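# Structural overview for review
Take a look at the letters that make up each chain.
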Amino acid sequence: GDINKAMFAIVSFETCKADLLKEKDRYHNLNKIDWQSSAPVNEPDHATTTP
Amino acid sequence: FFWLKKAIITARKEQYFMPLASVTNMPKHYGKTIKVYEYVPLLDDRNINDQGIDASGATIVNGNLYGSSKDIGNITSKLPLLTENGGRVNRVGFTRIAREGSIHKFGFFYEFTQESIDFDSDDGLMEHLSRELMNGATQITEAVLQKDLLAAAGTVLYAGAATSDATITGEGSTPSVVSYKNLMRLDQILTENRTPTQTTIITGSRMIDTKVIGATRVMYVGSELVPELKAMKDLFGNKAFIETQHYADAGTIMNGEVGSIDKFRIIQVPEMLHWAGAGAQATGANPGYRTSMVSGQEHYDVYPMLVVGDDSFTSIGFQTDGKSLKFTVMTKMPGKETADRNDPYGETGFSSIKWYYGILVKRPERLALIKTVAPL
Amino acid sequence: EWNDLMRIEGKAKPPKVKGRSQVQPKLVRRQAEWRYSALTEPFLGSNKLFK
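Residues numbered from 1 in each chain as written, not as in the entry; some residues may be left out. Chains lettered and ligands numbered in written order. Part of a larger assembly, values for the part shown. Heavy atoms only, no water.

If you look chain B up in the PDB entry, it shows as Major capsid protein from Escherichia phage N4. Looking at chain B in UniProt, the text filed under Function is "Assembles, to form an icosahedral capsid with a T=9 symmetry, about 60 nm in diameter, and consisting of 535 capsid proteins." As stated in UniProt under Subcellular location, the record for chain B gives "Virion". (UniProt positions renumbered as here; feature names shortened; annotations may be inferred.)

Per the PDB entry, the recorded name for chain A is Probable portal protein, and the organism is Escherichia phage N4.

Printed below as a string of structure tokens:
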């Protein structure tokens, strides 16, 4: 019943490569993910108003 | 009676072959095919060309100096030698080969009704239905990948004295069970084909009763073959199988590992697929090997045992965001949207899932396989 | 379920019959409608937000 005693919390958000590249040093392994693609966001677990 | 308000659920089935596959990006507006070149070396037999002149100035059939032949007489016969006033004597030729792969489509869907949505005592039914739909999709895709890999093997070693699948039998003088010599031969073949290793040798620890193991390749087996592997004895008659607790120290235990034999670290895969009825007919003299009924006759069951190499194959990715596979889910809840033109009641709905899958085999010599029977 | 009760969807929807009505007044929406603007206003009174 207390948020302060929680061991972990997991949050899912939508981001673009510009946001991640705004701080280069923070993120590693940025490669190995395709960007030259065009796919619906989908992700049934994620709930959003984006069509 | 009082319903518990909680359900009993079974989780997914963990997948082993899908994580290995590497992904090759394929843009759209091209087609359903991907291709690469392959440049063969100078001296291999595959270098069939028509650009050859021997040391005597005369034309010759083969343009490669000497093939993949280790014979000393042949090498001495076909060496390139040059006299002092040399000119226009030795010529060589080159060749390249192409390989391809294609993308296929998949999908399935289900239907439900609005009265079932509402009047049902259990709340949250559609969440459960979505969960089983997704689990089924993942399991099917993994099975398809494993099936294609088993079908596309390049190195095949039948156990015992068999020659084809129909000949693999467990009855008679020489049953077709895996042996220590078969594993040694498989290692020899992979070493000759220059297949890179995966793991490294495990030296000892300082703690009492800890054996030393030097396996260097990873091998996938079914659940049925594990007792047969445990009962194996090496050349001198001692035990062969070494369980994981002996070398868990001074090493890292991989996921789903049962032990190490010879130079392979066995891994048990729950969803391993086996052929049914491939073997020869089984009479009443069965020593206790698994069989199956095909057309009223009991035939033996031929089982896998697979060693996937490195860079052997890649998975084509079509709009998958650089992943092996991505699903697309749609749902339409009942209402006016599903009020049919010939039925404005709108009591039904649906949910559908689909994907694109295809595989490119860059080098099929690295894939290796053993066919055996599995004890009951 | 609470959102369906508020917006009248899912189980809260009235049954459909050809010869009869399908009108449901929205009690929950009404009660929430005054409470929203009752609670919102104090945070917007002054030019400054934090003291």
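The structure having been displayed, the exposition proceeds.
Okay, the overall build of chain A next. In terms of regular secondary structure, chain A is built from one helix and zero strands. A compact globule built from 51 residues should have a C-alpha radius of gyration of about 10 Å, whereas chain A, at 15 Å, is more than 25% larger. Each principal axis of the C-alpha distribution contributes one length, and for chain A these read about 45 × 30 × 15 Å. For chain A, with 51 residues in total, the buried portion stands at 4%. For chain A, the accessible area works out to roughly 5200 Å², and carbon and sulfur atoms hold 54% of it. Between the averaged position of the 6 positive side-chain charges in chain A and that of its 8 negative side-chain charges there is a distance of 8 Å. (Helix = DSSP H or I, 4+ residues; strand = E, 2+ residues; numbered from the N terminus. Rg over C-alpha atoms; globule rule 2.2 N^0.38 Å. Buried < 20%, exposed > 50% of the residue type's maximum accessible area, 1.4 Å probe, protein only. Areas by Shrake-Rupley, 256 points an atom, 1.4 Å probe, with all protein chains shown as cover. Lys, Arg positive; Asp, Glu negative; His and termini not counted. Charge placed at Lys NZ, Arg CZ, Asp CG, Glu CD.)

Once that is clear, we can look at the interface of chain B and chain C. Think of interface size as the accessible area that goes away when the parts come together; that is how it is often given. In this assembly, four residues from chain B lie in contact with five residues from chain C. When the two sides are added together, the surface that chain B and chain C hide from each other amounts to roughly 380 Å², 45% of it contributed by carbon and sulfur. On the surface where chain B and chain C come into contact, there are zero salt bridges. For the pair chain B and chain C, the number of links is zero residue pairs in polar contact. In terms of residue class, the side of chain B that touches chain C is made up of two nonpolar, no polar and two charged. (Contact = heavy atoms within 4.5 Å. Buried area = accessible area lost by both parts, 1.4 Å probe. Salt bridge = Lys/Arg side-chain N within 4 Å of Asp/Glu carboxyl O. Polar contact = N/O pair within 3.5 Å; in protein donor to acceptor, adjacent residues only side chain to side chain. Nonpolar A, V, L, I, M, F, W, Y, C, P; charged D, E, K, R; others polar.)

On the secondary structure map, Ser312 of chain B appears in the loop between β13 (306-307) and β14 (313-317). Here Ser312 of chain B is in contact with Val361, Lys362, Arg363, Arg366 and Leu367 of chain B, once residues within four sequence places are set aside.

What follows is about the nonpolar core. Residue and element names in this part refer to chain B. Within the largest apolar cluster, 26 residues are counted, with the highest numbers of intra-cluster contacts made by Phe17 and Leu145. The set of elements that each furnish at least two residues to this core consists of α1 (17-20), α4 (125-151), β7 (217-221) and β16 (348-361). The greatest single-element share of this core, amounting to six residues, is contributed by α4. Sequence-distant contacts of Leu145, that is, excluding residues within four places in its chain, are made with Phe17, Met18, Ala21, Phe313, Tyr357 and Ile359. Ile189, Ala240, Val307 and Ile370 belong to the second largest nonpolar core, which has 22 residues in total. (Core = buried A, V, L, I, M, F, W, Y, C linked by side-chain atoms within 4.5 Å.)

Residues and elements named next belong to chain B. Following the criterion strictly, the structure yields eleven salt bridges over all chains and no others. The closest approach of N and O atoms between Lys371 and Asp165, which form a salt bridge, is 2.7 Å. Placement of the pair is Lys371 in strand β17 (residues 368-371) and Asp165 in the loop between β6 (155-158) and α5 (180-192), with a sequence separation of 206 residues. The shortest N-O distance in the salt bridge between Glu243 and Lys239 comes to 3.9 Å. Judged by relative accessible area, which is 26%, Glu243 ranks as partly exposed. Among the charged side chains, a network of salt bridges with common partners joins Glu38, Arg46 and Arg99.

A surface patch of nonpolar side chains, about 560 Å² in accessible area, is lined by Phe43, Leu44, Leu49 and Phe50 of chain C. Considering the arrangement of structural elements, one finds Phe43 of chain C in the segment after α2 (27-40). (Patch = residues over 30% accessible without salt bridge, like charges linked within 9 Å, V, L, I, M, F, W, Y side chains within 5 Å.)

Let us look at unusual backbone geometry. Residues and elements named next belong to chain B. Unusually for a residue other than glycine, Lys5 sits at a positive phi of about 70 degrees. Structurally, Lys5 is set in the segment before α1. Its relative accessible area of 72% is what places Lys5 among the exposed residues.

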